[PDB]
Amino acid sequence: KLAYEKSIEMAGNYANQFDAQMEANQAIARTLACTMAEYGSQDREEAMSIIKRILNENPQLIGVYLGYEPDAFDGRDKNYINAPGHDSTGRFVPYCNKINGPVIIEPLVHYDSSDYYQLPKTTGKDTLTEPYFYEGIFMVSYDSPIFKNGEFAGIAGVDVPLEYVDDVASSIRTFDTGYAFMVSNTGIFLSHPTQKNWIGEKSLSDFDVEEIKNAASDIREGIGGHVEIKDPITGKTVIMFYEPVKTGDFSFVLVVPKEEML
């Protein structure tokens, strides 16, 4: 019992450790959205300088961006058609990033259809995408709507690489062979100490094991809990303790061999 309780508190502790930097990254995008909502200077080069500075001052980010509805930044999309950092619409959609190494600004793509833009637009709320790969890099995006005159004008966002999650979670050891990993809200692995091919590829909901499917349903709802799983080949029971990460309802999971715990 004291054994279970210590493990529940450990899982909650690490879930909140991971949550702290996520709350900071969410606040960066949100604070940029507040600022842009009041930005009547309407100076595209200055706004590009601002997102470049925020990227440079935050090494945990790989991209910082703004994406606006037609004519919503400055009423002058026609004057920026195919300008540097722009596409053939002239919409202000600068994506300042270091994905390919050096810092560049290019237009966002898929803003008319992808969730990073469409979810804030339709919900009016700050959003966090499911983790994904983009040009070889595992990341998540945080996006906040920009409301001007009470109306949706666009989004401000940041891209956050998640390699650090694997670096940190895959070194956690508990008891003799206990270990830990993180998953997204839909149960996709963000880390695993041995199965690197599972990262961003497999979900808990993919396991043909009733208890792991039950955990994954709880994680999807942001609920903490634990399941006990008996391996019918070895006869051993492992307990998976999962505790929600408040930002996004991701989950931190500790996997502990029951016989070691007791």
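Residues numbered from 1 in each chain as written, not as in the entry; some residues may be left out. Heavy atoms only, no water.

What the deposited record gives as its method is X-ray crystallography, and the resolution it gives is 1.700 Å.

Regarding its fold elements, the protein presents 6 helices and 11 strands. If you line up the protein on its principal axes, its C-alpha atoms span 70 × 35 × 30 Å. Sorting the 262 residues of the protein into buried and exposed places 48% on the buried side. Pairs at least 24 apart in sequence give 53% of the contacts found in the protein among residues at least 6 apart. (Helix = DSSP H or I, 4+ residues; strand = E, 2+ residues; numbered from the N terminus. Buried < 20%, exposed > 50% of the residue type's maximum accessible area, 1.4 Å probe, protein only. Contact = heavy atoms within 4.5 Å.)

Moving on, we come to the domain arrangement of the protein. Interfaces are often sized by the amount of accessible area the parts lose when they come together. When the domains of the protein are assigned, the result is domain 1 (1–23 + 162–262) and domain 2 (24–161). Of note, the centres of domain 1 and domain 2, computed from C-alpha atoms alone, are 33 Å apart. The interface of domain 1 with domain 2 comprises 19 residues on the first partner and 16 residues on the second. Carbon and sulfur atoms make up 60% of the surface buried where domain 1 meets domain 2, a total of about 1,200 Å² over both sides. (Domains from an automatic or database assignment. Buried area = accessible area lost by both parts, 1.4 Å probe.)

What follows concerns the environment of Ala47. Along the polypeptide, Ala47 turns up in helix α2 (residues 44–56). A C-alpha to C-alpha distance of 13 Å links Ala47 and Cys34, two positions 13 residues apart in sequence. The contacts of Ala47, once residues within four sequence positions are left out, are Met36, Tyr39, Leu66, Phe73 and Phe92.

Looking now at the sheet that holds strand β8 (residues 179–183). One open sheet accounts for 4 strands, arranged β8-β11-β10-β9; its pairing is antiparallel. The sheet terminates laterally at β8 and β9 (225–230), the two strands that pair on one side only. Within this sheet the neighbouring strands show an average axis-to-axis angle of 20°, counted without direction. Bridge count between strand β10 (residues 237–245) and strand β11 (residues 250–257): 8 bridges; the pairing is antiparallel. (Pairing = 2+ DSSP bridges. Axes fitted to C-alpha atoms, helices over the stretch in contact; angles between N-to-C directions.)

This next bit is on the nonpolar core. Ranked by size, the top nonpolar core spans 49 residues in total, and within it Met36, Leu66 and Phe252 carry the most contacts. Top element by residues in this core is helix α1 (residues 2–37). It accounts for 11 residues. Taken domain by domain, this core gets at least three of its residues from each of domain 1 (1–23 + 162–262) and domain 2 (24–161). Other than its neighbours up to four places away in sequence, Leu66 contacts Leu32, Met36, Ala47, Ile51, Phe92, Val93, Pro94, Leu108, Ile146, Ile155 and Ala156. Grouped together as the second largest cluster of nonpolar side chains are 16 residues, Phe207, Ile219, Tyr242 and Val255 included. (Core = buried A, V, L, I, M, F, W, Y, C linked by side-chain atoms within 4.5 Å.)

Take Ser141: it is sitting in strand β6 (residues 137–148). Along the chain, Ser141 and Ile62 lie 79 residues apart, while their C-alpha atoms are 10.0 Å from each other. For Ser141, the residues in contact, after removing those within four places along its chain, are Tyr65, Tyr116, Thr127, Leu128, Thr129, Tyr132, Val158 and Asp159. Here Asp143 takes part through its side chain, which lies 3.2 Å from a polar atom of the side chain of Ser141. Only 3.4 Å separates the side chain of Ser141 from the backbone oxygen of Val158, close enough to count as a polar contact. (Polar contact = N/O pair within 3.5 Å; in protein donor to acceptor, adjacent residues only side chain to side chain.)

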